[PDB]
Structure formats: structure tokens, C-alpha cells
Amino acid sequence: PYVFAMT
Amino acid sequence: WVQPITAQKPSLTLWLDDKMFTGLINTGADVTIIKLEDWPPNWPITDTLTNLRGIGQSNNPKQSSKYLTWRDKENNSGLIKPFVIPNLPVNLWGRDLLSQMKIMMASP
Amino acid sequence: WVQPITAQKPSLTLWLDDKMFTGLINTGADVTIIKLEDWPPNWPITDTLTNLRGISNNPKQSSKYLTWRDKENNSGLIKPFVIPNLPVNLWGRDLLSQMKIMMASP
């Protein structure tokens, strides 16, 4: 699966 | 309910089993992740042979051994089996959960 | 328009300047990211002091603002980051908020 959290 | 997408983190609080968790609404993730720091130690996890690919790659993340009942404040409910990952800043509600909530994205 | 959130990747096609790009609607990101493989080489890039915490990279960024335009002729400005080795372009909340997109359940 792909996971994009970039706080 | 209705939440506009803004610069702020789009956020959702619900129960997983008997515990309340708050997390980031993340249409960008296929799966749901709970930060290990938040994970009740008596809840069993298992190894996986799966890979979580994004900006980088997290090999073999742990996963909840059992399905959890998710419940929202309106008593909608269902099941998810989230991954449990350390060093994360927020819990991430992925599309596995969001699709069960019948959530739509709409512009005027 | 109306898009349900399903297991399938939620997708959006729009123009950045004069080029068409397709990308993933990514409420998890504050910023928009175009894969470098898709980035026109004549569009100037810059280093940034930004750190992208993922599941960690220091992205380059568009030197200029780009006009985004959607198929309904809504438009605005974004300055996306440009990162190699990504599978999809990621539409972040920087763009999604300019589109006045709402999330709603019955």
C-alpha cells in the first residue's frame, strides 16, 4: 500500500 | 458532517474499540496507521511482510492482530485493521476507513 | 464536481502553466509535489531549506509560481516541490484549499 503526512 | 480542505490538518476523532483516537484525514494513504506511541500495549500486533511506500519505504510494519470496531460520534461503525508504526507525528486515517464512512469530496 | 473516497486512488487532472498533469488528491500533504520525471526540464528549479517527513527528503522546488487551471476554468497559483523517484504527482492542501473542496458525509 502507498502512504503519502508532510507537516 | 462537512469539513472544508484548508491549510490546517483535516482532523477526525473516533473510537477504535473502547479507545478514542484523533487523526489526520489522509486521502493520500491506502491504509490507516496508528502511531505506536498511542497504541494500547495490551492490544496485540503482528509482523507483516508488506511494504509501506511513499517518500521512502517502511518495510515490514506491524499491524493490529485483530480487526477494530471504529465508531464515530453518530454511532456509525465498522472494521479496520490498522498498521502500527513508531516515530510518526499523527495518526493517519486512510481510505480503508474513509470509504467505510461514505465520505465525499466536492467543490461548489 | 463530486468524488467519493474509495479504495481506488482519488485522482485529479489539471493544467500547471500550459501542461496537463494528473495526480493524487492528498489531504495528508500541506504542499503539492510533481514527480521530477514529469517536470519539464526548461522550468527552473531551486534548492529549499525544507524537510519532507514521510513514511525523509529535502525537495527542490519550482523557482516560479505556476498557474493551475482545472477543467472548469478555476485557476490560481501554486509553487510545487519537485521530487524524483515518486510514483504519482500529489495534489496537496495548498492547491485543494484554493479549489474550495469540501469533505462531506451523509
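The residue numbering used throughout counts from 1 along each chain in the order its sequence is written. It may not match the entry numbering, and residues with no coordinates are not shown. Think of it this way: whatever chain is written first is A, whatever ligand is written first is 1, and the rest follow in order. Values reported for side chains reflect all heavy atoms of the structure, with hydrogen atoms and water molecules removed beforehand. Residues with missing side-chain atoms are left out of burial classes, side-chain pairs and their counts.

Looking at the PDB entry, chain C carries the name Gag-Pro-Pol polyprotein, with the source organism given as Mason-Pfizer monkey virus.

Looking at the PDB entry, one finds chain B named Gag-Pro-Pol polyprotein, with Mason-Pfizer monkey virus as its source organism.

Digging into the nonpolar core
In this text, buried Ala, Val, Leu, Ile, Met, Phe, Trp, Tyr and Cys residues form a nonpolar core when linked through side-chain atoms within 4.5 Å. Categorising residues by exposure relies on relative accessible area from a 1.4 Å probe, with only protein chains included: less than 20% of the type maximum marks a residue as buried, more than 50% marks it as exposed, and the intermediate range marks it as partly exposed. Membership of the largest hydrophobic core comes to 38 residues, with the highest contact counts inside it found for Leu 14, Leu 16 and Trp 93 of chain B together with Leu 14, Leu 16 and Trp 91 of chain C. Helix and strand labels come from DSSP, where a helix needs a run of H or I of at least four residues and a strand needs a run of E of at least two; each type is numbered from the N terminus. For this core, the secondary-structure elements that each account for two or more residues are β2 (11-16), β3 (19-25), β9 (68-71) and α1 (95-100) of chain B together with β2 (11-16), β3 (19-25), β7 (66-69) and α1 (93-98) of chain C. Aside from chain neighbours lying at most four places away, what touches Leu 14 of chain C is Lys 19, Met 20, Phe 21, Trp 68, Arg 69, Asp 70, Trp 91, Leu 95 and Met 99 of chain C. Among the nonpolar cores identified, the runner-up in size contains 13 residues, and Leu 24, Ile 33, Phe 83 and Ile 85 of chain B belong to it. We call two residues in contact when some of their heavy atoms are within 4.5 Å.

Side note on the interface of chain C and chain B
Across the boundary between the two partners, chain C contributes 34 residues, which contact 36 residues of chain B. When residues of the side of chain C that touches chain B are traced back to their parent elements, those giving at least two are β1 (2-4), β3, α1 and β11 (102-104) of chain C. In this classification, the charged set is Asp, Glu, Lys and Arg, the nonpolar set is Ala, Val, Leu, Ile, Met, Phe, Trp, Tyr, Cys and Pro, and all remaining amino acids, among them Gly, are polar. For the side of chain C that touches chain B, the per-class residue count stands at 20 nonpolar, 11 polar and 3 charged. Looking at chain direction, strand β13 (residues 104-106) of chain B and β11 of chain C are connected through 3 bridges and run antiparallel. Residue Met 105 of chain B lies in a different strand from β11 of chain C, and its bridge partner there is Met 103 of chain C. We call two strands paired when DSSP finds no fewer than two bridges between them.

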